[PDB]
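S.K.: Before I ask anything, here's the sequence and the deposited coordinates:
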Amino acid sequence: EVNXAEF
Amino acid sequence: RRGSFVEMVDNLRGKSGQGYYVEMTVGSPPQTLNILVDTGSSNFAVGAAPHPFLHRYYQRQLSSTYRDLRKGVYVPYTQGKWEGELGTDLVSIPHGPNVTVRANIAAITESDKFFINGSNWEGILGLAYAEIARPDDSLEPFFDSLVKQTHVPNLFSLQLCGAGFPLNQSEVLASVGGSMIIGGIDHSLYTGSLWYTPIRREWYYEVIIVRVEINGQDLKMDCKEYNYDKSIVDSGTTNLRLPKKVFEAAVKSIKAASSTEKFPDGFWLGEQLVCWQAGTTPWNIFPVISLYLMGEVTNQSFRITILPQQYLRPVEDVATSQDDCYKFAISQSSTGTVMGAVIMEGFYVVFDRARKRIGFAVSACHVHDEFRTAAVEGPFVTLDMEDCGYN
């Protein structure tokens, strides 16, 4: 699984 | 009917669980690296030192065109993060436009849960806007440099192609995983018409969802909840991620629709696979899911509809048996809706930056069966859609 920029 | 950007067609490889990547070269002489296509970020970065999962990496000391920016950069994502050193160098996309540009590059020197074993990619290409680039928006994103330095139109489009069954690393390597058309729209990649939704703000590729249906049944929530805090299109995220309240309502409705069969809670939480005897996956008991998106015309919306062939992600069995297995690729989010790869696999997606809009059309490579197909349909008379946007 990938979960790429913070939130 | 006709596809006019053949050199870029089929230039991607990968799968939803590990990302889709395009071949690129950096430096002089050219160093070839596989780069993940990420519309959810804005930094161009490449592994620049050995790592257990990297077969190759960027060696700055061997590029005569390398320029050191003498500045560190740190980028954390929803999952994964890396630390790097900034610089610029010449970059090319072999199966892309025939131009070379000088772009910012973050040479990754440390990382955590970022690179994936057997993914075959060694870098990331953040295609979103400067507003979310690190350290700040003064660091020009790759696509911006590309458009500023060439005549490439300010648009790109993505056809992510899921196989519908699992692929090991060697199969991923030998198979076509899709297309990234830089500078245009290739008409052989979709069927039907392209419907466009406005990009709400140029930071992430943010859109507004105005209605959600599960097998035609309205989830019936305040539409603000669907974009609670934001809704983005992200090629670098596997799942369709939904705000906590929307996720709970959606799961309740998907469980009620597929209730002829019962699955462990672990399945609905996206943690455990479910398997069926070869060829017997009961597609028809799972519902289609429709997301309605704000249209470009006032009071008009359109919908994109995906099938369980998109939201049930193929995974290899524990014993690599002949069963067909999957994980539920819909999960909760604390940072808004994320239209990830499992949504994008149903459609040809046009990131029309020049006209600040995103186009959707049924993909010529979406997985389906003989009874149902993914769909993009419109228009629907929809009111006060901007009320759906969260501020």
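M.R.: Yes, it's here. Residues are numbered from 1 along each chain as shown, chains lettered A, B, ... in the order given.
S.K.: partners of the residue lying closest to residue B:340 once chain neighbours are set aside in the sheet?
M.R.: Take residue B:340 and drop its neighbours on the chain: the residue closest to it by Cβ to Cβ, 6 or more residues apart in numbering or on different chains is residue B:237, 3.6 Å away. Backbone N, C-alpha and C define where each C-beta goes, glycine included. Residue B:237 has these beta-bridge partners by DSSP bridges: residue A:3.
S.K.: Quick one: name the residues of the stretch 251-391 of chain B near chain A.
M.R.: Selection of the stretch 251-391 of chain B residues close to chain A by Cβ under 8 Å from any Cβ of the partner chain yields B:334-335, B:341.
S.K.: which among those gets closest to chain A?
M.R.: residue B:335 (4.0 Å; Cβ to the nearest Cβ).
S.K.: isn't the closest one right up against residue B:229?
M.R.: Yes: look at residue B:335 against residue B:229 with Cβ atoms under 8 Å: they come within range, at 6.3 Å.
S.K.: Can you list phi and psi of the closest residue to chain A within the stretch 101-250 of chain B for me?
M.R.: Taking Cβ to the nearest Cβ, chain A has its nearest neighbour within the stretch 101-250 of chain B at residue B:236, 0.6 Å off. Per-residue torsions, residue B:236: phi -100, psi 10 (degrees, to the nearest 10).
S.K.: So which residue is dead centre in chain B?
M.R.: residue B:235 (1.1 Å; Cα atoms, centre = their mean).
S.K.: Enumerate every residue touching it.
M.R.: A:4, B:19-20, B:37-40, B:127, B:158, B:160, B:340-341, B:344 (Cβ atoms under 8 Å, 6 or more residues apart in numbering or on different chains).
S.K.: How is it assigned, secondary-structure-wise?
M.R.: Put simply, residue B:235 is coil when judged by DSSP: H, G, I helix; E, B strand; the rest coil.
S.K.: Quick check: closest non-adjacent residue to it.
M.R.: That would be residue B:39: by Cβ to Cβ, 6+ apart, it lies 4.6 Å from residue B:235.
S.K.: same thing with residue B:1?
M.R.: Using Cβ to Cβ, 6+ apart and skipping the chain neighbours, the partner closest in space to residue B:1 is residue B:187 (6.6 Å).
S.K.: Would you confirm that residue B:172 contacts residue B:14?
M.R.: Yes: counting by Cβ under 8 Å, residue B:172 does reach residue B:14; the two are 6.3 Å apart.
S.K.: Those two: which is more packed in?
M.R.: residue B:14 (28 against 20; other Cβ atoms under 10 Å in any protein chain shown).
S.K.: isn't that one right next to residue B:23, touching?
M.R.: No: counting by Cβ under 8 Å, residue B:23 is not a contact partner of residue B:14; they are 11.6 Å apart.
S.K.: ok, now which ones touch residue B:92?
M.R.: By Cβ under 8 Å, 6+ apart, the residues touching residue B:92 are B:24-25, B:30, B:99-101.
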